[PDB]
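This document starts with one chain, in the form solved without the named molecule, laid out as structure tokens.
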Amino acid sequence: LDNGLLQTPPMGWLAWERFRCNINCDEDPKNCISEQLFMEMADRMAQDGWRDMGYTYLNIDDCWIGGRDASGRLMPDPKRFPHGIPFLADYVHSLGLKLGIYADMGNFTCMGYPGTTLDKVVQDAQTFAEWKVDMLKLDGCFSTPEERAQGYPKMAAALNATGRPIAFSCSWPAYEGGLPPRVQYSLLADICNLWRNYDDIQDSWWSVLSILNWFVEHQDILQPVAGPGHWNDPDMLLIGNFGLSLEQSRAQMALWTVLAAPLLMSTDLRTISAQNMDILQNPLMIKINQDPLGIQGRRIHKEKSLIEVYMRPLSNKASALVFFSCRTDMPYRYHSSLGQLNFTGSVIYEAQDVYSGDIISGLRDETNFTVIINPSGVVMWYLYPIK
């Protein structure tokens, strides 16, 4: 979408994965979807290094809506959001952060809350802009294909007409199978800043692998359409939650990074471990994810040893390499060379291990190297020519 926004993938926090549709504030006041929850997460982002590292969006998902007023104007739940959305937008802005909100192109949101039907698209966009929202996620539950085909372009135009820059996240392709001929990616790039291609992520390694598999099976289609202002969205990071081991956590981070994915956390920032914080706030990882060229990476190799190699092209002739083990036995000594990974001749390279910080220098194409990769884990290199 040509609105000047998201020239690099968006970084932030989204409520959905970790907190879902928890509306029981009586029994569970700390974890229910509420004004308090968002202010508390905002405080953590401001104070715990998140904002400073580039995590700027604080995004509301489903289950925020209370109803519509006599003018059809959208309202938050008055008990869970007593001060209203402008209050929250203003609070978040006061901390140098941006606020994301959620609507559904259809009769109801996926959780059954008031939907943004075709006749409400313009009014809701205007309401969101008036509230000083900075991003919109538009789901597409409880709608027909033709309603979505009209509704998503209609919303992009309505957001534009408000005059406020609002990043536009579209779940549109996910409801249509995410692939041609039903999904037109040139159209999508014109109307959206990012799009959810595929299934909701769940808190499991199986879920991460099914998403990765789908993106890799279809990378010839998906890879070229990603770029500044228009990203593929494989869904939220699971780092900090319950389903992923340490190796798996480091793996999702590295792989989302090579895919030029949004880095949208969804985890309790109040209790996040140092180890998980260290993954998400890795400066070189973020640098790679936020590379100005915005070229989505690809899987370039798959061995019978079940080691996969991903490569992302970066600025200044640099590259990112992810050595990924789909083995489920033990650490594996992966033997390779840059020549075997289709790198250009005569150039001498140097690599920094993204997780360990170690530097491997004087690598020619013919130079044999070994990387030790743990099961369901990665080794990641930031690779550059040296003179």
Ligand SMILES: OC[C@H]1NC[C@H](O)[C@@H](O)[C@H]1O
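Note that residue numbering begins at 1 and tracks the sequence as displayed.
Just so it is clear, the following notes concern the form deposited with the named molecule bound, a form of the same protein that is not shown.
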Quiz item: Following C-alpha superposition of the binding-site region, is the pocket for the named molecule, modelled as it is in the bound PDB entry, open or blocked, where blocked requires 3 or more ligand atoms within 2.4 Å of any backbone or C-beta atom?
Solution: open
Quiz item: Would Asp200 show up as a contact with the named molecule in the bound PDB entry if we use heavy atoms at 4.5 Å?
Solution: yes
Quiz item: Using 4.5 Å between non-hydrogen atoms, is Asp139 touching the named molecule in the bound PDB entry?
Solution: yes
Self-check item: Interface membership of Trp256, the named molecule in the bound PDB entry, 4.5 Å heavy atom rule
Solution: no
Exercise. Answer yes if any heavy atom of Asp62 is within 4.5 Å of a heavy atom of the named molecule in the bound PDB entry; otherwise answer no.
Key: yes
Quiz item: 217 to 225, 312 to 320, 81 to 89, 110 to 118: which one contacts the named molecule in the bound PDB entry at 4.5 Å, heavy atom to heavy atom?
Solution: 110 to 118
Exercise. Kindly indicate whether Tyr55, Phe168 and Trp231 are, all three, within 4.5 angstroms of the named molecule in the bound PDB entry, using heavy atoms.
Key: no
Quiz item: Within 155 to 191, which residues have a heavy atom closer than or equal to 4.5 Å from the named molecule in the bound PDB entry?
Solution: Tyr175
